[PDB]
Amino acid sequence: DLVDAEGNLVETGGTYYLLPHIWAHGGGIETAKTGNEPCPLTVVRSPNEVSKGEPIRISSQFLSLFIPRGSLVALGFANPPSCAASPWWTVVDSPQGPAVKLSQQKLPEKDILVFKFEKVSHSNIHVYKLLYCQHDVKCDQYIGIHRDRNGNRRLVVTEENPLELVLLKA
């Protein structure tokens, strides 16, 4: 089962902060308004090292209390921007590649259950990598960062330098 910063089991009945292994890379996971977006529909990493970011909500494909190792999950926000229809993140096509976004129309359970945590072989500090999965399901792709012209650290599918996280219960 998944585990938070304090070695406790992660619970879908709670909210957490998705922080970095190293507190030099940045802060928590936020929202930002990029491109021609009428509001903050882009899921980004805060440039501020202190910043805990937005409180995140997790849900297991098994609709249970804990998340079993390798089980698919939906990652969404506790408090989304009014303009979004649902609090869940989804992954759409972008010039930069598969990007993590929020949507202006409701999303089926089948298109938010596209995340899977993968523990990092580092020990006694509970860390994880975030994988994206599609249909053909297949989670061979990792989520990293793409800094745009305006400084936004967008979450997208990168080839290398993938995200590494620890879940801090709020």
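The first residue you see is number 1, and the count goes up from there.
Including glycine, each Cβ sits where the backbone N, Cα and C put it.
Residues or ranges marked as disulfide bond by Swiss-Prot: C39-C83, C133-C139.
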- Report the same-chain neighbours of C139 (disulfide bond): residues 6+ apart in sequence with Cβ closer than 8 Å to its Cβ, ordered by sequence. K116, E118, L131, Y132, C133
- Query: Under 8 Å Cβ-Cβ from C83 (disulfide bond), six or more apart in the same chain: what's there?
  - Reply: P38, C39, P40, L41, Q104
- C133 (disulfide bond) has its Cβ surrounded, within 10 angstroms, by a count of other Cβ atoms equal to 16
- Item | Assigned conformation of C39 (disulfide bond) - DSSP reduced to three states | coil
- Task: For the stretch where 3 residues weren't modelled, take the C-alpha of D136 and of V137 and tell me their separation in angstrom, rounded to whole.
- Result: 5
- Count the other Cβ atoms sitting within 10 Å of the Cβ of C39 (disulfide bond), across every protein chain shown. 15
